[PDB]
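Chains as they are written, first to last, in the entry's author numbering: chain B, -1 to 48; chain A, 2 to 46. Backbone N, C-alpha and C fix where the C-beta goes; we use that ideal spot for every residue, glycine too. Beneath this line is the structure, given in C-alpha cells, with notes to follow.
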C-alpha cells in the first residue's frame, strides 16, 4: 500500500487537495452538461425552420 | 477532534477511486462529443 508509507501530514494534505479537485470536476461536468444541452437544443431549433 | 489513520486512508482511497471514475467519464464523453461535432463539420462540407 503506497498510502501506508505516506506521513500523516502529507496524507492529510493530499486528502484536502483531492476533495477540492473532486468538487471542481463535478462542477465542471455539471456546467459542461448544461451547455451541451442548450447547444443541442439550439441545433434542433436551427434545423426546424420557423 | 481528530481523524483516525485508518479512516483517513479509507476516505482518501474512495475519493481517489471516485476521482478516477470522474476523469474517465469526462474523457469518454469528451471523445464522443468531438467526433459527432467533427462529422457535423464533414456533413456540412
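Q: For the stretch 17 to 27 of chain B and the stretch 8 to 28 of chain A, state whether three or more C-beta atom pairs, one from each stretch, are separated by less than 8 Å.
A: yes
Q: Check residue 46 of chain A in the structure and name its three-state DSSP category.
A: DSSP places residue 46 of chain A in coil when its eight states are reduced to three.
(Q) Taking 9 Å as the threshold (C-beta atoms), are residue 24 of chain A and residue 23 of chain B in contact? (A) yes
Q) Less than 9 Å separating the beta-carbons of residue 3 of chain B and residue 9 of chain A? A) no
Q.
So residue 34 of chain B and residue 42 of chain A are supposed to be a Cβ contact under 8 Å. How far apart are they, rounded?
A. About 17 Å separates the CB atoms of residue 34 of chain B and residue 42 of chain A; that is not less than 8 Å, and the two are not in contact.
Q. Cβ of residue 34 of chain A versus every heavy atom of the ligand SAM: is any distance shorter than 8 Å?
A. As for the ligand SAM, it is missing from this structure, which has no ligand bound.
Q: Taking C-beta pairs closer than 7 Å, name the residues in chain B that residue 19 of chain A reaches, listed in chain order.
A: 20
Q | Cβ-Cβ separation, residue 27 of chain A to residue 38 of chain B (assumed contact under 8 Å), whole Å | A | That belief does not hold up - the Cβ atoms of residue 38 of chain B and residue 27 of chain A are roughly 18 Å apart, past 8 Å.
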